[PDB]
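Encoded as structure tokens, the following chain is the form deposited in one PDB entry, with no partner shown.
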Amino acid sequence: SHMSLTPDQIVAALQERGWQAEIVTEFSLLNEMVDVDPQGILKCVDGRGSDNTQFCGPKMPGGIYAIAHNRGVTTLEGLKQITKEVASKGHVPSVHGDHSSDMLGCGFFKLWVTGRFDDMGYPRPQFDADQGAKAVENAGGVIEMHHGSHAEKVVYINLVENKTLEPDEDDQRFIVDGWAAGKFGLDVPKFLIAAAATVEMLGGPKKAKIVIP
């Protein structure tokens, strides 16, 4: 699908939402960015450390839940199809939880399952966090589990195709691979605004750096 928003438009929309936002170049982050590895899990934007051992995969809110959420897919069967679709498209599908809250450890899914997106026009999932994880695992996905408290300092919205930024548990940041929404045919403006709202509702930092190629 089309990314449709220009970097300046993304910065402007976020500023209108009360965010501090700026554009940074792929060049400025040359040493930090990494090419996407097909063996890496498509995982959450969560900036915490975890038990992940499958690195360099794309980052989307809630892992593959970002895809179901944007598409309005709310059944376990639909979740299973998305799990298989992601796997068939060059990434190992994943969703995650944490040690303190188990499967409600994913902030994005907690917001979704409890209706925090109702007013933005999203249908609610017809399953709970445990059921979703079981379905993703059954369909061949990975269930990642984080540890520690959220300490993200900034949000990177990466528009550089087939590259990503990795978590740093001691110098955390939310990483949103906007280009991946395009890859999966998502409505990109809805996806980006949902990502911004997610950070807002979870009390994350309303500070963004849009990475351009």
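Each form is matched to the other, and the largest set of C-alpha atoms that superpose within 1.5 Å is called the rigid core. Numbers for residues come from their place in the sequence shown, where the first is 1.
Look at the C-alpha B-factors of 109-117 and of 131-139. On average they run higher in 131-139. The mean C-alpha temperature factor is higher for 200-208 when 186-194 and 200-208 are set side by side.
For the set 146, 69, 150, 59, the maximum C-alpha B-factor listed in the entry falls on 150. Per the deposited coordinates, the residue with the largest Cα temperature factor out of 31, 39, 158, 50 is 31. Among the modelled residues of its chain, residue 168 has a C-alpha B-factor that falls in the highest third according to the deposited record. Ranked by Cα temperature factor within the chain, residue 25 sits in the lowest third according to the deposited record. Looking at the C-alpha B-factors along this chain, the one for residue 101 belongs to the highest third. Annotation for residue 88: C-alpha temperature factor in the highest third relative to the rest of the modelled chain, per the entry.
As for the form deposited in another entry, it is not shown, yet the points below apply to it.
Large C-alpha shift between the shown form and the other one, rigid core held fixed: of 118, 77, 102, 128, this applies to 102 alone, with a displacement of 2 Å or more. Note: the CA-CA distance for residue 79 and residue 100 contracts in the other entry relative to this form, by 3 angstroms or more.
The distance between the CA atoms of residue 102 and residue 148 is at least 3 Å longer in the other entry than in the form shown here.
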